[PDB]
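Quick note on labels: first sequence line is chain A, next is B, and so on, each numbered from 1. Values below: every heavy atom of this structure, side chains too, minus hydrogens, waters and symmetry copies.
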Amino acid sequence: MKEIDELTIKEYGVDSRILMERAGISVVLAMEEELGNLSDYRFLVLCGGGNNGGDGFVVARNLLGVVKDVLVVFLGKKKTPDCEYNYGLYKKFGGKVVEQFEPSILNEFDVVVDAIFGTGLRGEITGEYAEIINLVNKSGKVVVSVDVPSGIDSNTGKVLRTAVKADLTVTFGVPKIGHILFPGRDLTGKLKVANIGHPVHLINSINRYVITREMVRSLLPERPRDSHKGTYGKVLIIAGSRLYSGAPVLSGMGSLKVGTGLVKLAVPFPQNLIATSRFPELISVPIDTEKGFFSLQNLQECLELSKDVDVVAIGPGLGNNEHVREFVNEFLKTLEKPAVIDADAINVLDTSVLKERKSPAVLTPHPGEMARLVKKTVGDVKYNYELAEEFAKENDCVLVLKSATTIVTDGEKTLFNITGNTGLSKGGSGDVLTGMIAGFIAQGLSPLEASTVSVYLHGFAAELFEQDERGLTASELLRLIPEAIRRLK
Amino acid sequence: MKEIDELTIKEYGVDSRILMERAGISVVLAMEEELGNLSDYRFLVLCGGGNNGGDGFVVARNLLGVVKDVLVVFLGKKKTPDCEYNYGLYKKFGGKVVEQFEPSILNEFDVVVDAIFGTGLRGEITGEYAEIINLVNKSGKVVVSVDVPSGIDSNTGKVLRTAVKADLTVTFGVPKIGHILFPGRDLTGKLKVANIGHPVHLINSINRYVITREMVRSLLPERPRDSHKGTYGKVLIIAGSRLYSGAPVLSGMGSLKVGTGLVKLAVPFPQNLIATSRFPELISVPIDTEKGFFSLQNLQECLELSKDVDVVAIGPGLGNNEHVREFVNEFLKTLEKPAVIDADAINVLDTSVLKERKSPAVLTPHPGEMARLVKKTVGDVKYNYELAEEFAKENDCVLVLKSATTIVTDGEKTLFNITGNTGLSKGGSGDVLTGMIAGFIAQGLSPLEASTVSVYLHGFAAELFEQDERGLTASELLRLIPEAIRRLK
Amino acid sequence: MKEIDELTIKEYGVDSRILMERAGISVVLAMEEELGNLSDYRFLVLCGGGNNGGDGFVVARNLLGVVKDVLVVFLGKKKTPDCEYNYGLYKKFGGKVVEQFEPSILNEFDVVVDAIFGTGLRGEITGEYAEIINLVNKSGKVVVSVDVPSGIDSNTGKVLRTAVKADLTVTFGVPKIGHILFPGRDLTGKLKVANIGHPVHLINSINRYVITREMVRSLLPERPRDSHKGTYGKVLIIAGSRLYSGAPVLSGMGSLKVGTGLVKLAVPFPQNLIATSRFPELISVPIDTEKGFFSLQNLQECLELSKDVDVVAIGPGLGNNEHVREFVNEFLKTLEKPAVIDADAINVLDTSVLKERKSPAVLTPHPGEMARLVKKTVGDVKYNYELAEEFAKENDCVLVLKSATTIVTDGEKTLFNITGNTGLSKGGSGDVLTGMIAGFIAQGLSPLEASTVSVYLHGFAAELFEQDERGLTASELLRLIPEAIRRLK
Amino acid sequence: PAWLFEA
Amino acid sequence: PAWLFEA
Amino acid sequence: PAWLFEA
Amino acid sequence: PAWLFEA
Ligand SMILES: Nc1ncnc2c1ncn2[C@@H]1O[C@H](COP(=O)(O)OP(=O)(O)OP(=O)(O)O)[C@@H](O)[C@H]1O
Ligand SMILES: Nc1ncnc2c1ncn2[C@@H]1O[C@H](COP(=O)(O)OP(=O)(O)OP(=O)(O)O)[C@@H](O)[C@H]1O
Ligand SMILES: Nc1ncnc2c1ncn2[C@@H]1O[C@H](COP(=O)(O)OP(=O)(O)OP(=O)(O)O)[C@@H](O)[C@H]1O
Ligand SMILES: [K+]
Ligand SMILES: [K+]
Ligand SMILES: [K+]
Ligand SMILES: [Mg+2]
Ligand SMILES: [Mg+2]
Ligand SMILES: [Mg+2]
């Protein structure tokens with residue numbers, strides 16, 4: 001995007017001042033859309049010495065004589081050329097700038113326009129800057145952030161010591177990663193993405209995307225009327241144990257609710273009977289185990305079962321002991337079908353096995369599972385999209401790193417999911433998603449497409465729950481998936 | 001406004017390119033507001049070699065990659081610097097320009113953006129330009145005009161041989177006189193006035209205004225609860241004759257419907273009885289005349305009647321013969337009260353009398369009456385605001401020159417009224433307005449304020465008629481005035 | 001239309017049987033539209049020996065096996081070839097025909113399809129035919145007439161001794177005059193006009209038309225926004241007397257309510273004051289008369305008044321005595337303006353005067369006035385469109401012969417008006433229409449166009465009266481004209 | 001729709 | 001909201 | 001209409 | 001009404 005601005009100026013020949021004017025007017029129009037008529041509000045515009053601040057001067061200037069009051073507090077020690085030109089215009093148009101910030105200044109204003117730092121933020125915020133930001137955050141005023149709330153690192157979404165909490169963030173060209181990942185996503189408040197005049201070809205050149213409704217709608221497979229169950233694929237799910245009897249059910253129904261033709265579970269007896277007592281449209285094959293867990297003794301029967309399906313999901317509720325590890329790894333090494341690898345199958349996975357497989361894979365870890373898979377801490381892997389990209393590329397797989405924002409990548413393309421709510425922070429949610437992914441692969445979508453469509457619909461189904469989200473359970477999520485699908489169209 | 005652009009560039013220091021960018025984006029946003037989503041439309045943008053065309057290139061460029069198709073036909077022989085910069089940007093962004101216009105080109109487009117000439121139009125349009133404009137006008141496509149429809153003189157509203165007929169005109173800063181006066185007002189279609197970044201102080205520096213709802217609302221006099229009829233003034237109307245018995249009635253009710261406390265008519269007997277048979281709240285004084293018309297024999301009685309009122313309206317239906325002329329002129333020469341002078345009182349008026357009067361006057365001619373008053377042709381006075389200004393200034397009066405757009409001026413300030421419809425093109429309409437003006441003067445408004453408020457409310461009342469406007473009559477207009485007043489608040 | 005059938009068969013080459021099939025199926029579809037699903041009804045189809053009966057056999061045949069019962073009573077003594085072919089088909093498809101009619105047969109049927117006589121009816125109906133028709137009319141059953149109810153002369157609308165009273169008449173190609181004029185219009189019930197496959201060029205070749213909404217909408221003059229009262233014309237109405245003071249008022253308002261710019265009445269003093277006491281937007285000029293009626297002493301003043309208008313209406317309430325006759329005739333002989341001639345001006349008119357006039361005229365007699373004008377009986381002129389055509393052609397005028405169906409002709413084109421109700425059978429209705437016609441001529445319509453538009457809108461205004469039509473008066477009709485105009489668009 | 005029937 | 005457009 | 005703003 | 005058309 002820094003490249004995108006540079007290229008639009010230096011190669012397309014758009015004057016930097018024109019981009020800055022377009023930026024500032026976007027902010028004004030966005031504020032109108034969100035606040036109604038602006039003429040009765042008093043505005044405090046906080047400007048840094050960079051181009052974020054220059055954008056702020058354009059805002060301040062365009063409000064002069066139209067709103068009740070405008071004041072700029074200029075907080076920098078020097079001005080870039082664009083900021084300087086705009087500062088000059090603001091003053092020439094009669095605008096008041098002060099350079100001293102006063103704790104009680106927030107008193108006489110209704111809206112704070114935060115133009116202190118955008119993408120040029122480098123390093124922790126301290127000193128006056130920190131104080132001012134902490135004052136704004138205690139004030140209860142309406143806060144509108146220019147580009148990115150000041151103090152959010154726009155590449156990571158991390159808070160650099162402190163950051164503005166915005167009601168509205170107006171960003172230019174494309175969303176920044178720091179609007180998408182938390183905590184930045186939380187501080188952004190409502191996000192509007194403004195077109196400021198970059199050529200559309202450059203804007204579409206970005207390789208990381210937010211999964212949208214329109215993208216998911218164009219990926220949903222077709223339902224030709226002259227069809228039969230095999231048209232819509234066959235999934236095998238290897239799952240469950242005597243400790244964990246519920247997981248297979250949630251995964252199997254997850255495949256069926258997204259439109260899969262046939263779903264077969266392989267589950268240790270008698271825990272297999274649990275699935276059809278709840279959902280008799282599932283096939284739940286009893287697997288004879290020594291102690292209630294899959295082991296090498298079950299390898300041959302599972303590979304046999306695999307021959308007559310399109311995709312295999314493995315992992316939810318398998319448990320994690322040595323015999324499960326031996327079985328999961330030998331199985332995956334031999335299985336020549338796409339695999340969806342989750343939960344305890346990830347906990348025992350030997351990643352060499354992924355490298356040697358000819359057929360594809362999707363892995364669906366939460367950060368604790370990712371952390372153990374790559375031998376790092378939760379904090380190093382959480383929201384770490386570059387690590388996820390390297391992992392997917394090195395191991396030839398699609399990685400779905402689950403969290404309130406989910407990252408989906410094959411190492412070349414990375415997509416970010418923002419649907420969902422905290423009702424999904426509850427046992428059983430993951431199991432459902434695993435079924436959904438396998439189901440969509442069986443219907444003909446690529447592992448990456450299948451993952452994209454499933455994370456979005458899974459979170460969107462959660463949002464459609466009628467009562468308080470904290471009461472949502474996996475069973476109710478399943479009931480909601482077909483409404484999510486209908487609403488997507 | 002040319003001064004306004006120059007001053008914003010040369011003294012405030014806004015780069016001309018920034019004004020041009022703001023102009024072009026206004027047009028795009030206005031088109032969205034009016035057409036909805038633009039992404040399915042095909043646009044033909046016609047650009048002249050001036051800054052109007054430069055605005056057009058900004059439009060074309062901002063549509064690239066967002067709509068179905070964009071084509072510019074460049075029709076000039078050379079380009080101003082701003083147009084050239086924008087033309088260069090449009091091409092650099094991948095835009096197609098052709099310089100040959102082809103009669104069938106309109107075929108493959110849905111919207112024509114007319115950026116051929118704006119305020120720089122000089123002289124009749126001929127040649128290719130004329131052909132292209134005539135083609136656009138026969139095409140049935142959606143036409144959006146940049147600044148002013150090409151071929152309208154923006155200072156007068158006249159068509160310079162031919163002009164574009166627009167569905168939507170997007171103008172910058174302030175309405176131009178050529179959007180306000182006909183025929184230009186008709187060719188403008190729907191007008192949006194866009195703020196492109198001129199300092200608000202310069203925009204408010206324009207001396208000619210369009211009468212708005214908000215202006216009229218702020219001028220309506222107060223109705224203090226502890227009031228009595230004298231609080232709201234007293235009007236005398238000298239009007240009527242044996243030929244013209246209806247006019248006094250319409251004028252008198254016009255004063256009462258705008259809230260005047262007392263209204264007295266002086267009308268030749270027995271034609272005076274006509275007024276109270278219809279509206280018994282009117283006082284209609286019988287004047288004894290020799291032959292059914294006012295003459296010098298009635299001077300003394302009229303001046304007596306004048307002593308106990310605040311304002312006098314004179315003229316509607318008096319007739320026009322020598323004795324009326326002698327009476328009207330001697331009366332006005334002696335009357336030391338504000339006068340509202342209409343109809344036959346204008347037809348007989350000696351304008352020297354206006355110069356010698358100490359008290360104020362409003363004159364309310366239609367163009368035929370103005371033409372005879374200044375000894376010019378109808379065509380020379382019609383919509384001739386500069387002539388109206390000179391007349392008002394020379395004779396110390398307010399001039400209300402009635403037409404579909406009405407001009408109201410005291411020689412310093414000129415206001416244009418755009419309310420009304422063709423139902424007012426019917427006998428009796430003028431008589432009503434005369435009463436309204438006198439009424440508002442009696443309530444405490446200046447002659448100019450009274451005229452401003454009355455022309456607006458008179459036309460607005462017409463618009464509120466429930467059935468087809470051609471069936472509107474003066475009597476029904478009167479019934480509508482109090483609803484117009486309520487809707488203004 | 002007989003020509004039209006012949007030409008479609010013999011020159012276009014459509015087989016007569018195809019036209020007959022298309023006719024019969026039209027009747028079935030029309031019956032569905034009007035009765036809903038037909039499957040539960042029992043049908044008695046009465047067929048004559050001609051092609052009307054042949055149409056009836058096509059109907060009967062197309063109902064077989066779809067409705068509860070079908071029976072044909074064939075009433076002729078022989079069959080035309082088309083009727084014979086269809087009779088043969090009806091029988092081959094299993095249909096029952098009886099040739100004896102039985103008074104109690106109506107008992108077991110719900111719908112009677114009347115295909116006894118259409119346009120081939122010649123002479124009075126007697127004998128069995130008459131009995132059967134009288135039986136059908138006493139039966140209370142649903143009656144559907146094929147082409148024209150049997151016993152109506154399709155060229156005149158007269159009843160030839162007796163005729164079927166239909167709930168629904170399905171006619172082919174174009175309405176017949178006998179559906180349009182009474183009593184036939186009354187016996188027709190609801191009329192549907194079916195396209196049976198005649199070339200559209202032949203159907204449009206008919207010279208007599210029913211005035212439709214769409215025709216009137218395309219004739220309404222334009223209301224250009226930049227207009228003034230003179231744009232919309234000036235009417236003089238010469239009307240009234242000491243006996244008849246009301247008529248001028250109704251005529252003058254009639255011109256104003258259809259959108260005329262200026263309306264002037266000339267009325268004997270003091271009866272002129274009546275007009276402005278009711279409607280002060282009228283100019284009502286006092287005319288000094290010896291005894292309360294226009295006479296030659298008023299000729300010069302009326303011709304003077306005529307110079308400044310576009311059209312003159314004369315007649316309503318003038319009275320009818322020798323001096324009125326002398327005045328009306330000398331006036332019309334000298335008047336070089338279009339004239340609208342009504343009421344007492346018709347009663348005194350010397351028709352030589354019409355022949356010598358260079359300017360046009362519309363005459364608006366009711367049949368009593370027409371009868372006296374041409375020295376015939378009311379019964380010979382009533383609904384006599386050919387006589388009206390000859391009169392208009394001989395005297396170079398437009399004739400508007402008023403009745404529940406009004407005939408409007410210039411001798412070449414004849415139009416029939418079917419709007420209106422019995423509330424217009426009341427004094428003052430004619431006076432209104434006279435004003436309307438003059439008004440539309442003043443606005444730029446031809447005498448014929450003006451008459452077409454006015455008769456339709458006049459009757460349509462009557463229909464919009466909210467309460468029982470018998471309570472409608474002329475004053476309330478006037479109030480309704482602008483709603484009629486709005487509804488036309 | 002008035003291909004078949006005019007009112 | 002009339003920052004951009006006056007009617 | 002999303003010429004200016006994407007949600 | 002289904003004289004002409006069956007769905
Ligand atoms: N706050 C949140 N907002 C949006 N999505 C969330 C949130 N919390 C959890 N989720 C989603 O719910 C799913 C949780 O799967 P995960 O495997 O972490 O836990 P789990 O459901 O306990 O596992 P299991 O289903 O095996 O019990 C993931 O898609 C994750 O993205
Ligand atoms: N097309 C129109 N649109 C808006 N206003 C109009 C239109 N035509 C006429 N008017 C208004 O109606 C009033 C007409 O007054 P004017 O004195 O011209 O004619 P008049 O009503 O015949 O005069 P009088 O009332 O003496 O008969 C004016 O305010 C004029 O502005
Ligand atoms: N039953 C009816 N249906 C439709 N229109 C009718 C009916 N009866 C009368 N009319 C119409 O009303 C108008 C009557 O005009 P006419 O001159 O016959 O009588 P009038 O109103 O008494 O005359 P005046 O207005 O001079 O008193 C005509 O247009 C006529 O067509
Ligand atoms: K910021
Ligand atoms: K233009
Ligand atoms: K018949
Ligand atoms: Mg899980
Ligand atoms: Mg006037
Ligand atoms: Mg009559």
Just jot down the salt bridge (charged side-chain N to carboxylate O under 4.0 Å, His left out) partners of [X], sequence neighbours excluded, or say none.
{"X": "B/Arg42", "value": "B/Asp110"}
{"X": "A/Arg185", "value": "none"}
{"X": "B/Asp147", "value": "B/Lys176"}
{"X": "A/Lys192", "value": "A/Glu33, A/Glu34"}

With a 4.5 Å heavy-atom cut-off, do [X] and [Y] have their side chains touching?
{"X": "A/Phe117", "Y": "A/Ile125", "result": "yes"}
{"X": "B/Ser205", "Y": "B/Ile4", "result": "yes"}
{"X": "B/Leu38", "Y": "F/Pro1", "result": "no"}
{"X": "B/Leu121", "Y": "B/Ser150", "result": "no"}
{"X": "B/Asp5", "Y": "B/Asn51", "result": "no"}
{"X": "B/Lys190", "Y": "B/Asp167", "result": "no"}
{"X": "A/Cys47", "Y": "A/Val146", "result": "no"}
{"X": "B/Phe172", "Y": "B/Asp55", "result": "yes"}

Could you check whether atom [atom1] of [X] has more than 12 heavy atoms from other residues, nucleotides or ligands sitting under 6.0 Å from it?
{"X": "A/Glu3", "atom1": "CD", "value": "no"}
{"X": "A/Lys92", "atom1": "NZ", "value": "no"}
{"X": "A/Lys158", "atom1": "NZ", "value": "no"}

Problem set entry | Modelled atom types, side-chain donor and acceptor of B/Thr80 and B/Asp82, under 3.5 Å |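 Side-chain D/A pair, B/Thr80 to B/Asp82: absent.
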
Exercise. Would you say the side-chain atoms of F/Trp3 pair up with the backbone N or O of B/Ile25, donor to acceptor, closer than 3.5 Å?
Worked result: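 Answer holds: no.
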
Euclidean distance, [Y] [atom2] relative to [X] [atom1], rounded to 0.5 Å:
{"X": "B/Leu64", "Y": "B/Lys96", "atom1": "CG", "atom2": "NZ", "value": "12.5 Å"}
{"X": "B/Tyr12", "Y": "B/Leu7", "atom1": "OH", "atom2": "CG", "value": "7.5 Å"}
{"X": "B/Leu63", "Y": "B/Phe93", "atom1": "CG", "atom2": "CZ", "value": "12.5 Å"}
{"X": "B/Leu19", "Y": "B/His198", "atom1": "CG", "atom2": "NE2", "value": "5.0 Å"}
{"X": "B/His179", "Y": "B/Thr171", "atom1": "NE2", "atom2": "OG1", "value": "4.0 Å"}
{"X": "A/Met1", "Y": "A/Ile177", "atom1": "CE", "atom2": "CD1", "value": "11.0 Å"}

Nearest atoms (heavy-atom pairs only) where [X] meets [Y]:
{"X": "A/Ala30", "Y": "A/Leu168", "value": "O-CD2, 3.9 Å"}
{"X": "B/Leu202", "Y": "B/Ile206", "value": "O-CD1, 3.9 Å"}
{"X": "A/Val113", "Y": "A/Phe43", "value": "CG2-CD2, 4.1 Å"}
{"X": "A/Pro183", "Y": "A/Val159", "value": "CG-CG2, 4.0 Å"}
{"X": "A/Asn52", "Y": "A/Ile116", "value": "OD1-N, 3.5 Å"}
{"X": "A/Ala115", "Y": "A/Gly56", "value": "CB-CA, 3.5 Å"}

Please list all pairs passing the salt bridge (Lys or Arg N to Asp or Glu O under 4.0 Å) test where one or both residues lie in [range], with sequence neighbours left out.
{"range": "residues 193-207 of chain B", "value": "none"}
{"range": "residues 111-125 of chain A", "value": "none"}
{"range": "residues 9-30 of chain B", "value": "A/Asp15-B/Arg17, A/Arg17-B/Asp15, A/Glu21-B/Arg22, A/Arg22-B/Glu21, B/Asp15-B/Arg17, B/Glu21-B/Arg61"}

Who passes ring pair (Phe, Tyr, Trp, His ring centres under 6.0 Å) against [X], sequence neighbours left out?
{"X": "A/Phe109", "value": "none"}
{"X": "A/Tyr85", "value": "none"}
{"X": "B/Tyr87", "value": "B/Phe57"}

For this session: Kindly write out the residues that satisfy side-chain contact (heavy atoms from CB on, under 4.5 Å) with E/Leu4, not counting sequence neighbours, or none if the list is empty.
Result: A/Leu29, B/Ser26, B/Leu29

Please list every donor-acceptor pair under 3.5 Å in which a side-chain atom of residues 66-76 of chain B meets a protein atom from a residue at least two apart or in another chain.
none

